[PDB]
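Taking it in order: structure first as structure tokens, then the write-up.
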Amino acid sequence: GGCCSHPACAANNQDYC
């Protein structure tokens, strides 16, 4: 349960990651 755990998600959620 983490966005930063997923490179794809991280780049899509720059505020988060």
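Identifiers in this document derive from the order of the structure tokens: chains are assigned A, B, ..., residues are numbered from 1 separately in each chain, and ligands are numbered from 1 in order of occurrence.
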request  = Tell me which protein, DNA and RNA residues are within 9 Å of residue 16 in chain A, counting only C-alpha atoms, leaving out same-chain ones fewer than 2 positions away, and put them as a list in words.
outcome  = residues 3, 4, 10, 12, 13 and 14 of chain A
Okay, now the selection with N, CA, C and O atoms, as a PDB file, in the first residue's frame?
```pdb
ATOM      1  N   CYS A   3       2.480   4.255  -3.008  1.00  0.00           N
ATOM      2  CA  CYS A   3       2.633   4.701  -4.369  1.00  0.00           C
ATOM      3  C   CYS A   3       4.100   4.689  -4.757  1.00  0.00           C
ATOM      4  O   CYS A   3       4.461   4.250  -5.847  1.00  0.00           O
ATOM      5  N   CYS A   4       4.946   5.075  -3.822  1.00  0.00           N
ATOM      6  CA  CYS A   4       6.386   5.186  -4.049  1.00  0.00           C
ATOM      7  C   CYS A   4       7.023   3.813  -4.223  1.00  0.00           C
ATOM      8  O   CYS A   4       8.146   3.684  -4.742  1.00  0.00           O
ATOM      9  N   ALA A  10       5.041   6.432  -8.635  1.00  0.00           N
ATOM     10  CA  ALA A  10       5.879   7.496  -8.097  1.00  0.00           C
ATOM     11  C   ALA A  10       5.989   8.666  -9.063  1.00  0.00           C
ATOM     12  O   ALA A  10       5.823   9.817  -8.678  1.00  0.00           O
ATOM     13  N   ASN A  12       3.942   9.345 -11.353  1.00  0.00           N
ATOM     14  CA  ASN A  12       2.607   9.865 -11.607  1.00  0.00           C
ATOM     15  C   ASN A  12       2.077  10.641 -10.425  1.00  0.00           C
ATOM     16  O   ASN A  12       1.110  11.400 -10.550  1.00  0.00           O
ATOM     17  N   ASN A  13       2.690  10.438  -9.283  1.00  0.00           N
ATOM     18  CA  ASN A  13       2.357  11.165  -8.076  1.00  0.00           C
ATOM     19  C   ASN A  13       3.594  11.817  -7.531  1.00  0.00           C
ATOM     20  O   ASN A  13       4.257  11.291  -6.639  1.00  0.00           O
ATOM     21  N   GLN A  14       3.916  12.950  -8.080  1.00  0.00           N
ATOM     22  CA  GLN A  14       5.141  13.656  -7.755  1.00  0.00           C
ATOM     23  C   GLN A  14       5.072  14.360  -6.414  1.00  0.00           C
ATOM     24  O   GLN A  14       6.100  14.637  -5.802  1.00  0.00           O
TER      25      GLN A  14
END
```
